[PDB]
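Take a look at this single chain in structure tokens; it is the form deposited in one PDB entry.
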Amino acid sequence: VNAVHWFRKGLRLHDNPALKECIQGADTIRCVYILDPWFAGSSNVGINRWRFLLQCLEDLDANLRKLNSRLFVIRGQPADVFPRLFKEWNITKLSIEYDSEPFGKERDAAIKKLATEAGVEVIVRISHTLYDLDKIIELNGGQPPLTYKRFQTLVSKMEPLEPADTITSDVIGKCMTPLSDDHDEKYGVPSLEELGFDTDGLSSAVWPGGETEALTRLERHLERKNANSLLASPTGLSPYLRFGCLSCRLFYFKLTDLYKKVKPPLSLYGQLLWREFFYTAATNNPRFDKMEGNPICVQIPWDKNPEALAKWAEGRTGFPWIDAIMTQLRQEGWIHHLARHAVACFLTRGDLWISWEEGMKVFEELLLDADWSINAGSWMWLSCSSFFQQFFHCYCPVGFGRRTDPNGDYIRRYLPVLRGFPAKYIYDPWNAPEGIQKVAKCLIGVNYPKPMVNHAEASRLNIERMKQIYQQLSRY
């Protein structure tokens, strides 16, 4: 009985039902991760996401060493590699954490067919989400809830959540891992260079990957529970929830019991419920990330403007607040939710009137904490393309951050070319007189671009555009 556990999400040894069940009754246990380096550059996956993943894999491998096992990293496509491994290792069991996202579901269905057609038993267990999303969808009558309010109703009628024991020496028991001395050069965790990324200009990651870092942060986050809010927090947990280094169910229980000790609203579960809601909404919708052909998405005639899109993506808008946020995102992989509101409003309903699909693709590349379902759901939501509950405040790309940080310390940290400007002009340097730009050694339009748009005029038009869209929807 040779059992293999396939890692994709759920990159942890705690609360891993699929791994626990696969281990039980197995003589052999082997943990695999599959990636192809040749397609790493063309997959819209940025270097920070790759680095966080590789660090997750190093931590899994290290933690597996403590249990006397090892992680197997295989280069290739899962449809091509799994037949060879079934025969090479005489696989009897294959286990995966369930993936609700449509393209992952189709991929897993193909792998399940090949495993079964080869006489391999397929173990699937839910642990990336709090609930069985198909059970939520059934309780809603076969269609996913279209509103956060309806979703909360169904969750409130759900039975209280049960977690799962951590994989230990006592859990593994008499289960072995076949290991060779050539293992590291054959199945070792890849470097970024192997994936084709230049690392010479890199600095240490602000968000270190892995289950160890996630559980260390969780204890400090529970202990603890402006301009400094914008900076990454050493107790932030959102990337670890996305990659599965931290179980959302464990996080839920720890939050509940700390709250019980401190004092049971959904104020503290709000982020997890939004996460759960977008997974539920996307799971049966293969065009969830599209406007055309997406049955839940308002059809809005967005501008097609690649040059403006590229200015926003590359932090070259000429609005330092917007550019500092997009620069933090590209450099670190995480920005504050209020900063996401700011740059996403600017791109779509606010200033540039560019499709939410284009912002989603940029965020997909650079953002560490948003799966496909959450990214698409969040972009449709903020652009009033789906899940509509109200019109939104139009954020000011100059004033909003100025009230956040009057001195512009956030601007100065991520846009060093502007550090010479005084606070009076740091958020609108195109208003600085010529002599002031010279002193700051930053000529607007040479060292830093001019503003790409007039916010007052653009936002005024776009606020009205959105109203007309929704007046049409009332008539239909």
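One-based numbering along the sequence shown. Throughout, rigid core stands for the largest set of C-alpha atoms superposing within 1.5 Å between the two forms. Residues that one form lacks are left out of the comparison.
**Student:** Output yes if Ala40 is unmodelled in at least a third of the other compared entries of this protein, no if it is modelled in all of them.
**Tutor:** Comparison shows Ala40 dropped in at least a third of the other entries.
**Student:** Go through the other compared entries with residues on either side of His393 and state whether a third or more give it no coordinates.
**Tutor:** Counting only entries that model residues on both sides, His393 is unresolved in at least a third of them.
**Student:** Would you mind checking whether any residues of the deposited sequence sit unmodelled between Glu162 and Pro163, and how many (none, 1 to 3, 4 to 9, 10 or more)?
**Tutor:** 1 to 3 residues are missing.
**Student:** If I compare the deposited sequence with the modelled residues, how many are absent between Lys225 and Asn226: none, 1 to 3, 4 to 9, or 10 or more?
**Tutor:** Gap between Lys225 and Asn226: 10 or more unmodelled residues.
**Student:** Tell me which stretch has the larger mean Cα B-factor in this entry, 428 to 436 or 38 to 46.
**Tutor:** Of 38 to 46 and 428 to 436, the stretch with the higher C-alpha B-factor average is 38 to 46.
**Student:** Using only C-alpha atoms and the B-factors in the entry, which stretch averages higher, 241 to 249 or 172 to 180?
**Tutor:** Higher of the two, by average CA B-factor, is 172 to 180.
**Student:** Between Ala376, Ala344, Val262, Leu368, which one tops the list for C-alpha B-factor in the PDB entry?
**Tutor:** If I rank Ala376, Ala344, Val262, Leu368 by C-alpha B-factor, first place goes to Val262.
**Student:** Sort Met360, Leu255, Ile126, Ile335 by C-alpha B-factor from the entry and give me just the highest.
**Tutor:** Out of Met360, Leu255, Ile126, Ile335, the record gives the largest C-alpha B-factor to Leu255.
**Student:** Using the B-factors in the PDB entry, rank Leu266's C-alpha atom against the chain and give the third, lowest, middle or highest.
**Tutor:** According to the entry, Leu266 has a C-alpha B-factor in the chain's highest third.
**Student:** Can you work out whether the C-alpha temperature factor of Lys311 puts it in the lowest, middle or highest third of the chain?
**Tutor:** According to the entry, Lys311 has a C-alpha B-factor in the chain's lowest third.
**Student:** Sorting by Cα B-factor within the chain, modelled residues only, which third would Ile23 end up in: lowest, middle or highest?
**Tutor:** Highest third of the chain for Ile23's C-alpha B-factor.
**Student:** How does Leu57 rank on Cα B-factor within its chain, lowest, middle or highest third?
**Tutor:** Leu57: CA B-factor falls in the middle third of its chain.
**Student:** Place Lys450 in the lowest, middle or highest third of its chain's C-alpha B-factors, as listed in the PDB entry.
**Tutor:** Middle third of the chain for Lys450's C-alpha B-factor.
From this point on, the text means the form deposited in another entry, which you will not see here.
**Student:** Which of these moves by 2 angstroms or more at the C-alpha between the shown form and the other one, core superposed: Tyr187, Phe392, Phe86, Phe363?
**Tutor:** The answer here is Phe392.
**Student:** Tell me whether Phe392 and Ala339 end up closer or farther apart in the other form, going by their C-alpha atoms; the shift is 3 Å or more.
**Tutor:** Farther apart, which means the C-alphas of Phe392 and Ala339 are at least 3 Å more distant in the other form.
**Student:** A 3 angstroms or greater change in CA distance between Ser156 and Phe392 is reported in the other form. Closer or farther than in this form?
**Tutor:** Farther apart, by at least 3 Å.
**Student:** So which segments really shift between the shown form and the other one, if a segment has to be 3 or more residues long and each C-alpha must move 2 Å or more after the rigid core fit?
**Tutor:** Shifted segments: 389 to 393, 433 to 436, 470 to 473.
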